[PDB]
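One chain comes next, on its own, written out as structure tokens in the form deposited in one PDB entry.
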């Protein structure tokens, strides 16, 4: 969200019966009211003065920044012939530059839904067409495709593809159709389903997701399953492992500070040492407090400074000090803090190196990181393992399932 420099613009009522403007937004959507369309008439008058994407900050000196939609339309409707706007351009925040899946430029949700309907109803199901489309669309575009498909067929898209697709391909495609928060929410529910817990999957998602992502996950989890994510974590975890997971899942880690606190970096490094290697036993609450509350750039420097006081680095210290699920959680969290692309590169390698494939981890990472940092993951993977992630997917998977994953990868390295 980039707000441009403020500007004043005068608009005049037209004899057609209005200002020739269209607006969206408002305080209810927690984004300011923005100009969405300028008429043919008004554009000739306002060439270079007002633009689509301009947020309306003031109307005739009245601040409408924190006003909801109808409040703004009532002011402009109950206004005079001329109106003076204070405006500012809203350049929407860009996505990641390091994702493999980009948004298709000439995107037609109706044409995509039609082509998918044709592929689904082709005798034998045209999987290639389905994979080609959905792996070359952004997640948001797939949501538009799903809405258009349901109107066209009276059938939900994910429901249709669950019967048209089978095996691991179905798992990939159904995974791509969910929003990021829905996918993680449903993967978390799956890790806590029935008796026992897939702690590895719970650890992977909770340790790796950011504050904003965990915020949306906690909301979407409660909407889907009518229970709080924290309550299911409490019922499926125990001891200090539970406390760490509950702390992380809140998504209230300190945001990246502007200044580097070298004194706190040193004190956190010593407290981490004093709580573990330097003593008998471990002060696990101290470890949890520092590693869940401090910002990520800070902890990165804390872990390096820690090596000045400790004979072992943070990861080796964790292995020596704690065991079981608690150890595994700490090990994943520190990797995610130190180098998250490398973390995922190693988990991808682990899921393919040996007999068969841990498809659950492979599919989840290729889906969830395709629009985040897949290009960095690929870079770290080729750097460490000498062959591309593309290569390993080829040797471990086959068929349309393989082609789907290769598309989410994005190419060879």
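Numbering follows the first chain given and starts at 1.
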Seminar exercise, completed: Assert higher mean C-alpha B factor (20-28 or 398-406, deposited values) equals 20-28
Seminar exercise, completed: Quick note on 137-145 and 188-196: per-entry mean CA temperature factor is higher in 188-196
For this session: Check the PDB entry and point out which of 351, 47, 379, 368 has the largest C-alpha temperature factor.
Result: 47
Seminar exercise, completed: Top Cα B-factor in this entry, restricted to 74, 310, 338, 132, sits on 74
Exercise. Taking the C-alpha B-factors as the PDB entry records them, is residue 234 in the lowest, middle or highest third of its chain?
Worked result: highest
For this session: Using the B-factors in the PDB entry, rank residue 385's C-alpha atom against the chain and give the third, lowest, middle or highest.
Result: middle
For this session: Pull the Cα B-factor of residue 288 out of the PDB entry and bin it into the chain's lowest, middle or highest third.
Result: middle
For this session: Looking at the entry's B-factor column for C-alpha atoms only, identify whether residue 393 ranks in the lowest, middle or highest third of its chain.
Result: lowest
Exercise. Taking the C-alpha B-factors as the PDB entry records them, is residue 364 in the lowest, middle or highest third of its chain?
Worked result: lowest
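Just so it is clear, the following notes concern the form deposited in another entry, a form of the same protein that is not shown.
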For this session: Kindly check if residue 200 and residue 54 were placed in the same rigid part between the shown form and the other one?
Result: no
For this session: Pin down for me whether the residue 211-residue 92 Cα distance shrinks or grows in the other form relative to this form (closer or farther, change of 3 Å or more).
Result: closer
Exercise. Hey, the CA atoms of residue 90 and residue 251 end up closer or farther in the other form than in the shown form, with the change being 3 Å or more?
Worked result: closer
